[PDB]
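Each chain is listed here by its residues.
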Protein chains: 2
Amino acid sequence: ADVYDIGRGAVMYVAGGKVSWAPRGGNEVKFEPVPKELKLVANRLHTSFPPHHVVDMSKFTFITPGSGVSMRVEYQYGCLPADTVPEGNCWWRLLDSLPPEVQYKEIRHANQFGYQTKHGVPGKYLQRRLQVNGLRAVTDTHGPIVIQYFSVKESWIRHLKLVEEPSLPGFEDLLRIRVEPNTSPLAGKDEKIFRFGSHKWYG
Amino acid sequence: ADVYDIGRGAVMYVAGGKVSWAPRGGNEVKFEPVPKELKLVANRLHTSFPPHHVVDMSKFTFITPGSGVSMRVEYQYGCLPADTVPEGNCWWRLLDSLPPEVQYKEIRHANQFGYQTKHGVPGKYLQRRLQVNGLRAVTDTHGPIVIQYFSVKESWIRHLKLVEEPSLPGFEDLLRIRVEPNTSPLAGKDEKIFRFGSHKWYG
């Protein structure tokens, strides 16, 4: 490991070609500042990711300051190519089986809540929509659909995509499920209903 | 790596038998909580160390909550055996060559400032005392004295001890010096005057 004060209330840890940032703390927290050979990387990092996630900054591609996109709730403009972060709608796939009007009414709905955000939708909300649409999502060791997190298991930042699409950068397969009509008993008993977690998000 | 919310404004990272904590951030920061198999370790950690330092918590020994000692500036009572953290005076050694009255007048003095604290004394202050006492400290590849940091190079938490004493836990030899009268020219030019850093501390 290694660790530097990088301004504006954060600090940044480094080890591998891997890197993290975190808030400073109080005025007693006072490390060496950043080696300037890395001021770049600071700025990049702090501006575009959230604290406490670890990243290989080679795997990502940066573009000029104030002109890109951020994964930070605060931050409207980042330096990430939007091709490269989720757009916050990846959860629609889940409603694929419904009729069109209905997918769309759902989609409207979430924009009626906050949700048509870059983080997607909560999870409780997801579960609950859906429940009501006669669906049900089941943890299927062989399913079509991958659930993912960004960067560390326990993050609140999730995503899903189909098994055969290509992972976005820093996303990491968590598990596999299937979506089916919640109309008949659960098939077997190995099988289980997927509980979207509380405080998770899917975009 | 791995990462959990552990209450009261922090979170904690884990990897190896090694562990760290850091402040949470804003209300958006929301991870999994601690596996309770580790709530202990949280409490231990957050109560006794400062953020952003990494520790092998096996190497340390804990004692009942509210009855021990903390490395945290905030925290009067910790759970560390005081045998096991610095007492904040390790810098006296540096004034070994002066007469007694004079070591003591210096020592009084630092207690006249804040300094007779568990973190010892700043560095600028150290340099500056000493300077004035006709001493001078020189980076001596072969010196008697070890300079140390706790846990990561760039910490502000330093310590020194003689080469032959045993390291306290989590301390890590940084470099070696010697103390001499600042009365005659510097011997050679390989050699250099040690600059105690700004924002470093020695206890």
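**Q** Now, about helix α3 (residues 124-131) of chain A: what can you tell me, with residues and values included?
**A** Given 3.6 residues per helical turn, the α-helix brings residues three or four places apart onto the same face. Residues and elements named next belong to chain A. Turning to α3, its buried residues are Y125, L126 and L130. Down the axis of α3, the buried side of the element spans an arc of 115 degrees, and every buried residue falls inside it. The inward-facing, buried residues of α3 abut α2 (100-112), β7 (135-139) and β12 (201-202).

**Q** Explain the nonpolar core to me, using residue names and the numbers behind them.
**A** If you look at the biggest cluster of nonpolar residues, it comprises 60 residues, and the most contacted ones within it are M12 and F49 of chain A together with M12 and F49 of chain B. For this core, the secondary structure elements donating two or more residues are β1 (3-7), β2 (10-15), β3 (18-23) and α1 (39-48) of chain A together with β1 (3-7), β2 (10-15), β3 (18-23) and α1 (39-48) of chain B. With sequence-adjacent residues up to four places away left out, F49 of chain B is seen in contact with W21, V55, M57, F60, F62, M71, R72, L80 and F150 of chain B.

**Q** Could you give an account of the interface of chain B and chain A, naming the residues involved and the relevant values?
**A** Taken together, the 29 residues of chain B in the interface contact 29 residues of chain A. Surface buried jointly by chain B and chain A totals about 2400 Å² across both partners, of which 59% is contributed by carbon and sulfur atoms. Per-residue buried area on chain B facing chain A is highest for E28, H52 and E154 of chain B; these three make up 28% of the total on that side. At the boundary of chain B with chain A, the tally comes to 0 salt bridges. Elements with a contribution of two residues or more to the side of chain B that touches chain A: β1, β2 and β3 of chain B. The element contributing the most residues to the side of chain B that touches chain A is β3 of chain B, with 4 residues. Here the side of chain B that touches chain A is built from residues that sort into 14 nonpolar, 6 polar and 9 charged.

Definitions and limits used
Residues numbered from 1 in each chain as written, not as in the entry; some residues may be left out. Chains lettered and ligands numbered in written order. Heavy atoms only, no water. Residues with missing side-chain atoms left out of burial classes, pairs and counts. Buried < 20%, exposed > 50% of the residue type's maximum accessible area, 1.4 Å probe, protein only. Helix = DSSP H or I, 4+ residues; strand = E, 2+ residues; numbered from the N terminus. Arc of directions from axis to C-beta. Contact = heavy atoms within 4.5 Å. Core = buried A, V, L, I, M, F, W, Y, C linked by side-chain atoms within 4.5 Å. Buried area = accessible area lost by both parts, 1.4 Å probe. Salt bridge = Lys/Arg side-chain N within 4 Å of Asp/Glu carboxyl O. Nonpolar A, V, L, I, M, F, W, Y, C, P; charged D, E, K, R; others polar.

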